[PDB]
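Undergrad: Have a look at this one before I ask anything.
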There are 2 protein chains.
Amino acid sequence: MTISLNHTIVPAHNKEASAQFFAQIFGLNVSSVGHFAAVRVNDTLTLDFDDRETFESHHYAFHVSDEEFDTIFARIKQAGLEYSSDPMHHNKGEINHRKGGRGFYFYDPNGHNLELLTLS
Amino acid sequence: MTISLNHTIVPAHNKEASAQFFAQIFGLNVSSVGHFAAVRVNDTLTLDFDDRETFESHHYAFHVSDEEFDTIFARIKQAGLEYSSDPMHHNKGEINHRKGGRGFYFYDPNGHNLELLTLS
Ligand SMILES: [Ca+2]
Ligand SMILES: [Mg+2]
């Protein structure tokens with residue numbers, strides 16, 4: 001039938017801090033699974049945070065509902081985090097309106113580029 | 001629920017060779033999209049292959065049907081690629097039978113660790 005992404009490993013300097021950051025902002029939960037701090041995103045995907053000393057910035061873009069967009073964006077502002085309309089973060093403190101939707105980018109504690117969008 | 005991963009950037013020394021490798025083995029298509037060689041995996045997810053000189057190994061685990069598993073595994077053997085039952089590739093030329101399913105690991109041309117699983 002269908003190929004689906006089930007797991008991906010997210011490298012982190014501190015896997016618990018990174019998993020907690022992600023779970024707090026997205027309204028999800030952290031589980032200790034083997035050597036990972038695992039965050040189940042939905043009924044098909046889990047992000048496995050893994051302790052790593054050296055790695056480059058990843059880029060993850062998430063489709064969310066309008067309600068989820070508003071809820072997550074409020075948590076980012078409440079947490080005192082910077083965000084941008086553009087992937088390079090040249091345009092801070094604003095969102096994009098690409099494809100008749102809403103979008104923005106924000107870095108995780110490792111410098112991974114997280115992207116939220118309402119229309120895919 | 002309504003958070004889904006829509007895009008992720010896969011770093012590659014050669015984005016066209018890497019996107020073609022992934023598309024050939026998984027039975028997918030490559031599109032040129034901006035500076036990416038993009039592979040739509042399913043209705044939800046696109047892998048964006050991006051030219052990069054320096055990066056660390058990523059890990060992506062895909063859930064597939066038994067039929068898809070067999071079709072992909074046969075392409076991997078026909079292509080002359082090594083695979084393993086374990087994530088560290090200590091046990092080559094065998095698959096695992098974990099979680100009431102079948103699984104195996106194989107590297108892409110960049111050394112990204114690709115995992116296939118049927119689960120249940
Ligand atoms: Ca998903
Ligand atoms: Mg998927």
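Lettering and numbering for the structure tokens are positional, with chains as A, B, ... in the shown order, residues counted from 1 in each chain, and ligands counted from 1 in the shown order.
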Among region 65-110 of chain A, which residues does DSSP mark as strand (DSSP E or B) when it is run on the backbone? Keep the chain and numbering as in the structure and answer as a PyMOL selection string.
TA: chain A and resi 84+92+96+103-107
Undergrad: Taking only C-alpha atoms and all ligand atoms and a cut-off of 9 Å, can you tell me which residues surround ligand 1, written as a PyMOL selection string?
TA: (chain A and resi 4-6+41-46+62-63) or (chain B and resi 2-6+44-45)
Undergrad: Chain B least-squares fit onto chain A, all C-alpha atoms in order: RMSD in Å?
TA: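 Result: 0.8 Å C-alpha RMSD.
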Undergrad: Within 12 Å of chain A, which residues of chain B show up when using only C-alpha atoms, listed as a compact mmCIF listing (two decimals) with C-alpha atoms, in the first residue's frame?
TA:
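Okay, part_33.txt is ready:
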```txt
# COMPACT_ATOMS: atom_id res chain seq x y z
CA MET B 1 -3.82 13.87 15.03
CA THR B 2 -3.14 17.02 12.91
CA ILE B 3 0.63 17.57 13.40
CA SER B 4 2.28 15.82 10.41
CA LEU B 5 5.86 16.09 9.04
CA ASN B 6 5.38 17.64 5.54
CA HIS B 7 9.06 18.28 4.45
CA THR B 8 12.55 17.48 5.74
CA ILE B 9 15.88 18.41 4.09
CA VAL B 10 18.23 15.50 3.42
CA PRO B 11 21.80 16.70 2.95
CA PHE B 26 11.53 3.09 -3.18
CA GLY B 27 9.63 3.25 -6.54
CA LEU B 28 9.11 7.06 -6.42
CA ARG B 40 7.35 12.90 -2.63
CA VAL B 41 7.14 9.81 -0.39
CA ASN B 42 3.31 9.85 0.06
CA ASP B 43 0.43 12.42 0.28
CA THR B 44 1.97 13.96 3.47
CA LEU B 45 5.80 13.85 3.22
CA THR B 46 8.45 15.12 0.75
CA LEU B 47 12.20 14.52 1.16
CA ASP B 48 14.14 17.59 -0.15
CA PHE B 49 17.67 16.49 -1.23
CA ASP B 50 20.02 19.50 -0.80
CA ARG B 52 25.96 19.95 1.15
CA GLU B 53 29.74 19.43 1.56
CA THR B 54 29.78 18.51 5.31
CA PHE B 55 27.08 16.78 7.42
CA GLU B 56 26.53 13.76 9.69
CA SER B 57 24.57 10.53 8.96
CA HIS B 58 20.73 10.89 9.30
CA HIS B 59 18.40 7.99 10.23
CA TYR B 60 14.97 7.47 8.59
CA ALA B 61 12.74 4.44 9.39
CA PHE B 62 9.85 3.73 6.98
CA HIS B 63 6.80 1.52 7.65
CA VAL B 64 5.75 -0.40 4.51
CA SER B 65 3.39 -3.30 3.54
CA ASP B 66 4.75 -6.85 3.08
CA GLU B 67 4.43 -6.42 -0.72
CA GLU B 68 6.31 -3.06 -0.64
CA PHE B 69 8.95 -4.54 1.68
CA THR B 71 9.63 -5.11 -3.83
CA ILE B 72 12.10 -2.67 -2.19
CA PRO B 87 21.30 -0.34 13.14
CA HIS B 112 22.37 7.98 5.81
CA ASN B 113 20.93 4.94 7.63
CA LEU B 114 17.65 3.89 5.99
CA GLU B 115 15.45 1.41 7.92
CA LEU B 116 12.46 -0.54 6.48
CA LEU B 117 9.94 -2.22 8.82
CA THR B 118 6.58 -4.05 8.35
CA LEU B 119 5.65 -4.03 12.11
```
Undergrad: With only C-alpha atoms as the counted atoms, please give the residues lying no more than 7 Å from residue 14 (chain A), apart from itself and same-chain residues fewer than 3 positions off, as a list in words.
TA: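 Here the answer would be residues 17, 18 and 51 of chain A.
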Undergrad: Take the selection from the previous step and output its residues with N, CA, C and O atoms, as a tab-separated table (two decimals), in the first residue's frame.
TA:
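After the write, part16.tsv holds the following:
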```tsv
chain	number	residue	atom	x	y	z
A	17	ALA	N	16.60	17.64	27.30
A	17	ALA	CA	16.25	19.06	27.18
A	17	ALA	C	15.60	19.29	25.82
A	17	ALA	O	14.62	20.04	25.73
A	18	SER	N	16.15	18.69	24.78
A	18	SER	CA	15.62	18.89	23.42
A	18	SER	C	14.23	18.27	23.26
A	18	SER	O	13.36	18.91	22.65
A	51	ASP	N	21.53	11.71	22.07
A	51	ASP	CA	22.70	12.52	22.51
A	51	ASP	C	23.81	12.44	21.46
A	51	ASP	O	24.21	11.30	21.04
```
Undergrad: Find the residues near residue 86 (chain A): any atom within 10 Å, counting only C-alpha atoms, skip ones fewer than 6 places away on the same chain, and give them as an MDAnalysis selection string.
TA: chainID A and resid 92 94:96 103:106 115
Undergrad: As a list in words, list the residues of chain B assigned to helix (DSSP H, G or I) by DSSP on the backbone atoms of this structure.
TA: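 After running DSSP on the backbone, chain B has helix (DSSP H, G or I) at residues 15, 16, 17, 18, 19, 20, 21, 22, 23, 24, 25, 26, 66, 67, 68, 69, 70, 71, 72, 73, 74, 75, 76, 77, 78 and 79 of chain B.
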Undergrad: One number please: CA of residue 90 (chain A) to CA of residue 107 (chain A), in Å, one decimal.
TA: 13.0 Å
Undergrad: CA of residue 84 (chain A) and CA of residue 21 (chain A), how far apart in Å?
TA: 18.3 Å
